[PDB]
> 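Have a look at this one.
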Amino acid sequence: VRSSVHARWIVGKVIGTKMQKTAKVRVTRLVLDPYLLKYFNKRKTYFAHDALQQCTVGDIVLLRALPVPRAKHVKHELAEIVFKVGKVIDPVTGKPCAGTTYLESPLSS
Amino acid sequence: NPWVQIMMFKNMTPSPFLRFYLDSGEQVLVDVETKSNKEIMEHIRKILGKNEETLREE
Amino acid sequence: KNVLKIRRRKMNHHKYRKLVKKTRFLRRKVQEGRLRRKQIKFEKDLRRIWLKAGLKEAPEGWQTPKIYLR
Amino acid sequence: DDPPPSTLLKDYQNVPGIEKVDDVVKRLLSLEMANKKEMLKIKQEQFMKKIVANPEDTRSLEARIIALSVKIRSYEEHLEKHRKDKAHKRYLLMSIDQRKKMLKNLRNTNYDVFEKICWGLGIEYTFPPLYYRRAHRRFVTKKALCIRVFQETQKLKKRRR
Amino acid sequence: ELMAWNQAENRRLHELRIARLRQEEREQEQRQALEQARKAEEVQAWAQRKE
Amino acid sequence: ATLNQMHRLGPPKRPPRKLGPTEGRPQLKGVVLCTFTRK
RNA sequence: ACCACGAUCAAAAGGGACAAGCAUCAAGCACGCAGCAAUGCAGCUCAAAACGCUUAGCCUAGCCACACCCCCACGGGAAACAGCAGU
Ligand SMILES: NC(=O)c1ccc[n+]([C@@H]2O[C@H](COP(=O)([O-])OP(=O)(O)OC[C@H]3O[C@@H](n4cnc5c(N)ncnc54)[C@H](O)[C@@H]3O)[C@@H](O)[C@H]2O)c1
Ligand SMILES: [K+]
Ligand SMILES: [Mg+2]
Ligand SMILES: [Mg+2]
Ligand SMILES: [Mg+2]
Ligand SMILES: [Mg+2]
Ligand SMILES: [Mg+2]
Ligand SMILES: [Mg+2]
Ligand SMILES: [Mg+2]
């Protein structure tokens, strides 16, 4: 009722930024193999409107469905950047981190 | 939950955590460090799982 | 180990090398005709492309190189 | 640029009173009277001081990148003279691939240090190709023709409109 | 109500994390002091041999 | 094969059954051209 | 309902999903994006199988496709049982 786009909220990795104000994002879902009964990753490509062109290749982003498609393949918009590439902020503690190590200690604050 | 997009990330933060994105746009953060898998299941079932009453009604 | 299989491989290979020696000249003509036809096919595919695009002729200055002639 | 030959060895630079010695001793304890390895060590120390936050920590990814960059420069200098040294060509290519992997990890983990490493060492990071397939004569010629035909189609469309 | 409960649980786990991190920092301080003394001794020996 | 390889390859693809002299038909009508004997 | 408020049913349009074999079909050749437009950028799909050839009505309270042929049917070939009985 709010949108004609099937996928409403999706999380992906940005794999392309060569289009103006548009980010090419790779979204992985878990699909059960009918024979092996094991979950494997299935990939799909989405084009997300990035008005400010703040997306970099490799960062994890959240995409929200547009009310209607603004182009043939652009049906989504960048709601936020969940993880900036190489600039991750730990949501649990709110401190910068490099991989599994704290760049700034939680105790310091 | 076949229609819920589940995605995994490895060695990106010093501590493990779960994040749920809701249709309203609200985000639920669950810290799971020091917790057993059964505890995580119970917690997520309690906070975002349908209760048995709704399942029996369905 | 299978010495029959290796001896069968030897006989098959030796017989094959006799055939190519006997018909070496006929093979060369077949190969050159095949290369001619393959070049013609490549040119036809290129022409199909610029015809479907809309151009009535080839792109200006373009000449289909001979990529198969030795 | 290489360190000047008068520079002291890495192990003989903090010795007390090393400036109060004779000129002959200074020459003997300099890069002029040493193999290329000491000179590469001096490059590594200089790069560490110029780039990394803690020059003493050789265990960081940035330090490993600097060391492998020095090694790659040494291999390239060797191969300029030794064109037919296949083993050293292999070593150079393998080291380049390893440095690319380390740079990818650094970019994924610490972007600020990644930028500092890229600027300091003059490394231009490139993303890997998506597909690995031979570009034979037929494909290359066909792709060139397709690009030309697209250009001509664009010109004609501009003329029509 | 459930969201508020989850947030409270997160805060409790954060307090426990702070306590554990403080203990780890104290132990790290002690160990680092020990190895720093050892490195200083090694540096002194290295410098003596060079002199 | 590993589970990943099995998932990649997928279910076994059985080649189509070979058609015999009757071409998958019970019987066939025919006209005799010549009769003879074989050893 | 018919006074519509709306329910039921269900086209066109938009999003998603959706058969089999062959990779000795490996590249497709304009397949994208941004801007009110003017126009600008050079991009888009693809070994997680694009593009292509071949096979087959299907997921059966039923559904899809066809209604002699040229996909279609202004038009042409031409004069139509793939309705029942029948030849
Ligand atoms: N074909 C690619 O360009 C490509 C790109 C990314 C990943 N891969 C991965 O490589 C594996 C092999 O794929 P395949 O059986 O279809 O190739 P293949 O062996 O059947 O050969 C076809 C093409 O794939 C290339 N190829 C083969 N092995 C590769 C590899 N390990 N990495 C990259 N390219 C490779 C070959 O150069 C060739 O051009 C797969 O797991 C695939 O996910 C392949
Ligand atoms: K028809
Ligand atoms: Mg419809
Ligand atoms: Mg293959
Ligand atoms: Mg063949
Ligand atoms: Mg049929
Ligand atoms: Mg009929
Ligand atoms: Mg018809
Ligand atoms: Mg009838």
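We use all heavy atoms of the structure for the numbers below, so side chains are in, but hydrogens, waters and symmetry mates are not. In what follows, chains are A, B, ... by sequence order, proteins preceding strands, each numbered from 1.
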> Please determine, by modelled atom types, if D:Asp85 and D:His88 share a side-chain donor-acceptor pair under 3.5 angstrom.
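Present: a donor and an acceptor within the cut-off.
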> With P as the reference atom in both, quote the distance from G:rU8 to G:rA30 in angstrom, rounded to an integer.
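Going atom to atom, P in each nucleotide, I get 48 Å.
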> Taking the basic N atoms (NZ, or NE/NH1/NH2) and the acidic carboxylate oxygens, is any pair closer than 4.0 Å for B:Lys50 and B:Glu58?
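Salt bridge between B:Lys50 and B:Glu58, a charged N being under 4.0 Å from a carboxylate O: yes.
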> Stacking check, if you would: do G:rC29 and G:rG28 have six-membered base rings whose centres lie under 5.5 Å apart and whose planes meet at under 30 degrees?
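Stacking between G:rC29 and G:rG28 is absent - centres under 5.5 Å, planes under 30° not both met.
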> Name the pairing partner of G:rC81, where a pair is Watson-Crick or G-U wobble with both distances under 3.5 Å, or state none.
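When the pairing criteria are applied, nothing turns out to pair with G:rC81, so the answer is none.
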> Tell me, please, which residues at least two apart from D:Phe139 pass ring-ring contact (aromatic ring centres under 6.0 Å, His included).
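For D:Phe139 there are no ring-ring contact (aromatic ring centres under 6.0 Å, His included) partners, ignoring immediate neighbours.
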> Take atom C1' in G:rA10 and the same atom in G:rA27, then report the distance between them in whole Å.
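Between the two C1' atoms, the distance is 44 Å.
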> Which way does the sugar of G:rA61 pucker, north or south, judged by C1'-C2'-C3'-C4'?
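South.
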> Answer with base, sugar-phosphate or nothing: what part of the nucleic acid does A:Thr22 contact at a heavy-atom distance below 4.0 Å?
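Answer is sugar-phosphate: A:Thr22 comes under 4.0 Å of backbone atoms only.
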> Do A:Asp33 and F:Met6 have side chains that approach each other closer than 4.5 Å (heavy atoms only, starting at C-beta)?
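Not touching, per the 4.5 Å side-chain cut-off.
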> Tell me yes or no: do the six-membered rings of G:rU55 and its strand neighbour G:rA56 sit under 5.5 Å apart at centre, with planes under 30°?
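When the rule is applied to G:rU55 and its neighbour G:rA56, the answer comes out as yes.
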> Do F:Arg8 and G:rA48 share a donor-acceptor pair, side chain to base, under 3.5 Å?
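Checked by distance alone, the answer is no.
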> Does G:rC5 fall in syn (glycosidic angle within 90° of 0) or anti?
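Syn.
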> Verify the contact: side-chain N or O of D:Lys142 to OP1 or OP2 of G:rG28, cut-off strictly under 4.0 Å; return yes or no.
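For D:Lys142, the contact criterion (side-chain N or O under 4.0 Å from OP1 or OP2 of G:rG28) is met.
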> For the pair made of CG in C:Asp45 and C1' in G:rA26, what is the distance, rounded to whole Å?
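In whole Å, G:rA26 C1' and C:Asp45 CG are 14 Å from each other.
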> Return the value, rounded to whole Å, for the distance between atom CD of D:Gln154 and atom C1' of G:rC31.
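In whole Å, G:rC31 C1' and D:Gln154 CD are 13 Å from each other.
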> What about the rings of B:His43 and E:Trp5, do their centers lie closer together than 6.0 Å?
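Ring centres of E:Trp5 and B:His43 closer than 6.0 Å.
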> Between F:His7 and G:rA48, does any side-chain N or O lie under 4.0 Å from OP1 or OP2?
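It does not, given that no N or O in the side chain of F:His7 lies less than 4.0 Å from OP1 or OP2 of G:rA48.
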> How close or far is atom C1' of G:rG28 from atom NZ of C:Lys52, stated in whole angstroms?
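Atom-to-atom, C:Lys52 to G:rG28, this comes out as 12 Å.
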> Would you mind pulling out the nucleotide paired to G:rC33, Watson-Crick or G-U wobble, both distances under 3.5 Å?
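G:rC33 is paired with G:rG40.
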> Look at the side chain of A:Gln20 and the base of G:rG43, then say whether one donor and one acceptor between them are separated by less than 3.5 Å.
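No, the side chain and the base share no sub-3.5 Å donor-acceptor pair.
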> Salt bridge check, A:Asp59 against A:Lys13: does any charged N sit closer than 4.0 Å to a carboxylate O?
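So A:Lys13 does not pair with A:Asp59 through a salt bridge.
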> Decide if G:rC64 and G:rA65, neighbours in the strand, stack by the rule of centres under 5.5 Å and planes under 30 degrees.
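Yes, which means the ring centres sit under 5.5 Å apart while the planes stay under 30°.
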> Distance alone, cut at 3.5 Å: any donor-acceptor contact between the side chains of D:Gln151 and C:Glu60?
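Short answer, no.
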> Pairing check on G:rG6: which nucleotide meets the Watson-Crick or G-U wobble criteria with it, both distances under 3.5 Å?
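With both distances under 3.5 Å required, G:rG6 matches none.
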> Rounded to the nearest angstrom, tell me the gap between atom CG in A:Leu78 and atom P in G:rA34.
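Going from CG in A:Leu78 over to P in G:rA34 covers 14 Å.
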> What is the pairing partner of G:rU60, taking Watson-Crick or G-U wobble pairs with both distances under 3.5 Å in any strand?
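Pair assignment: G:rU60 / none.
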> How does protein contact run along nucleotides 16-24 of chain G, one letter per nucleotide 5' to 3', with B for base contact, S for sugar-phosphate only, - for none, heavy atoms under 4.0 Å?
SS---SS--
> Taking the side chain of D:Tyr131 as heavy atoms from C-beta outward, which of G:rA27, G:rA34, G:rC46 is closest to it?
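Selected nucleotide (nearest to the side chain): G:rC46.
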> So if I take every side-chain heavy atom of D:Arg161 and compare against G:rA48, G:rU39, G:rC29, which nucleotide ends up nearest?
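Closest nucleotide to the D:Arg161 side chain: G:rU39.
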> So, do G:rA78 and G:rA79 stack if we ask for centres under 5.5 Å and planes under 30°?
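Yes, stacked.
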> Hey, is the side chain of A:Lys21 poking within less than 4.0 Å of OP1 or OP2 on G:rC41, counting only N and O atoms?
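For A:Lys21, the contact criterion (side-chain N or O under 4.0 Å from OP1 or OP2 of G:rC41) is not met.
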> Sign of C1'-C2'-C3'-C4' decides it: give me the sugar pucker of G:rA7, north or south.
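With a positive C1'-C2'-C3'-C4' torsion, G:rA7 is north.
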> Tell me whether the bases of G:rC59 and G:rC58 count as stacked, where stacked means ring centres under 5.5 Å and an interplanar angle below 30 degrees.
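Between G:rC59 and G:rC58 there is no base stacking, as the criterion is defined here.
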> Identify, via the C1'-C2'-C3'-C4' dihedral, which side the sugar of G:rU24 sits on: north or south.
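Pucker flag: south.
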> Categorize A:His76 for me: base, sugar-phosphate, or nothing, with a 4.0 angstrom heavy-atom threshold over every strand shown.
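Nothing, no heavy atom under 4.0 Å.
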> Ignoring hydrogens and angles, answer whether the base of G:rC29 and the side-chain atoms of D:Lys143 contain a donor-acceptor pair closer than 3.5 Å.
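By the distance-only test, yes, there is a pair.
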> Answer yes or no: side-chain N or O of D:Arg148 and base N or O of G:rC29 forming a donor-acceptor pair under 3.5 Å.
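Under the 3.5 Å cut-off, the side chain and the base do not form any donor-acceptor pair.
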> Could you check which of G:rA34, G:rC44, G:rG15 has an atom nearest any side-chain atom of A:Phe47?
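The answer is G:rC44.
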> Rounded to the nearest 0.5 Å, what separates atom CD1 in A:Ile89 from atom CD in A:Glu104?
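Going from CD1 on A:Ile89 over to CD on A:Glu104, the span is 8.5 Å.
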> Hey, which of these two, D:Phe139 or D:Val149, hits RNA chain G nearer its 5' end, going by closest nucleotide?
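Checking each residue's closest nucleotide, the 5'-ward one belongs to D:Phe139.
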> Grab the CD1-P distance between D:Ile147 and G:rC44 for me, whole Å please.
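Atom-to-atom, D:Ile147 to G:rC44, this comes out as 14 Å.
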> Does G:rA79 sit syn or anti, given that only angles within 90° of 0 count as syn?
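Anti, which is what one calls it when the glycosidic angle falls more than 90° from 0.
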> Is there a Watson-Crick or G-U wobble partner for G:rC22 with both distances under 3.5 Å, and if so, which one is it?
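Per the H-bond distance test, G:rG52.
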> Whom does G:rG86 pair with, Watson-Crick or G-U wobble, provided both distances fall under 3.5 Å?
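Base-paired to nothing in any strand shown.
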> What does G:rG14 pair with, Watson-Crick or G-U, if both distances are under 3.5 Å?
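Because no pair has both required distances under 3.5 Å, G:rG14 counts as unpaired.
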> How close or far is atom P of G:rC25 from atom CZ of D:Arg133, stated in whole angstroms?
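So the CZ-P distance, D:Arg133 to G:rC25, works out to 18 Å.
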> Would you sort out whether B:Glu52 and B:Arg45 count as a salt bridge (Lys or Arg N to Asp or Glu O under 4.0 Å), showing the intermediate values?
CA-CA 11 Å; B:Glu52 293 179 353; B:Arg45 183 178 182 270; 3.5 Å; yes
> Whole angstrom is fine here: how far is it from CZ in D:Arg137 over to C1' in G:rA27?
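My rounded result for the distance is 18 Å.
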> Please check the phosphate of G:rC29 (OP1 and OP2 only) for any side-chain N or O of C:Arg48 closer than 4.0 Å.
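Looking at the OP1 and OP2 atoms of G:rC29, one of them is under 4.0 Å from a side-chain N or O of C:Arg48.
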> Nearest to the side chain of A:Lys18 - G:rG32, G:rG43, G:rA27?
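Comparing G:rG32, G:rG43, G:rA27 against the side chain of A:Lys18, the answer is G:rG43.
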> So, for A:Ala7 and A:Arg29, which heavy atoms are closest and what is the spacing to 0.1 Å?
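Taking A:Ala7 first and A:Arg29 second, the nearest heavy atoms are CB-NH2, 4.1 Å.
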> When the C1' atoms of G:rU87 and G:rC81 are considered, how many whole Å apart are they?
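The answer is 11 Å between these two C1' atoms.
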> Using the P atom in both, what is the distance from G:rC41 to G:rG28, to the nearest Å?
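The same atom, P, in both gives a distance of 27 Å.
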> Would you indicate whether A:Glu80, at its atom CD, is surrounded by more than 12 heavy atoms from other residues, nucleotides or ligands within a distance under 6.0 Å?
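Counting neighbours around CD of A:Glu80, more than 12 heavy atoms of other residues, nucleotides or ligands fall under 6.0 Å, so yes.
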> Without decimals, in angstroms, what is the distance between D:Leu130 CG and G:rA27 P?
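Roughly 17 Å, once rounded to whole Å.
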> Would you mind telling me which of G:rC33, G:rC29, G:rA34 lies closest to the side-chain atoms of A:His49?
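Output: G:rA34.
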> Nearest to the side chain of A:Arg70, which nucleotide is it out of G:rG35, G:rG14, G:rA48?
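Given the options G:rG35, G:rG14, G:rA48, the side chain of A:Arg70 is closest to G:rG35.
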> Toward the 5' end of RNA chain G, which comes first, A:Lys72 or D:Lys158, by nearest nucleotide?
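It is A:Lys72 whose nearest nucleotide is closer to the 5' end.
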> Based on whether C1'-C2'-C3'-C4' is positive or negative, which pucker family does G:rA23 belong to?
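G:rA23 falls in the south pucker range.
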> Under a 3.5 Å cutoff, is there a donor and acceptor pairing between the side chains of C:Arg36 and C:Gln39?
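C:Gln39 and C:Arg36 do not have a side-chain donor-acceptor pair below 3.5 Å.
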> By sign alone, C1'-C2'-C3'-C4' of G:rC29 puts its sugar north or south?
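Here the torsion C1'-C2'-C3'-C4' comes out negative, placing G:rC29 south.
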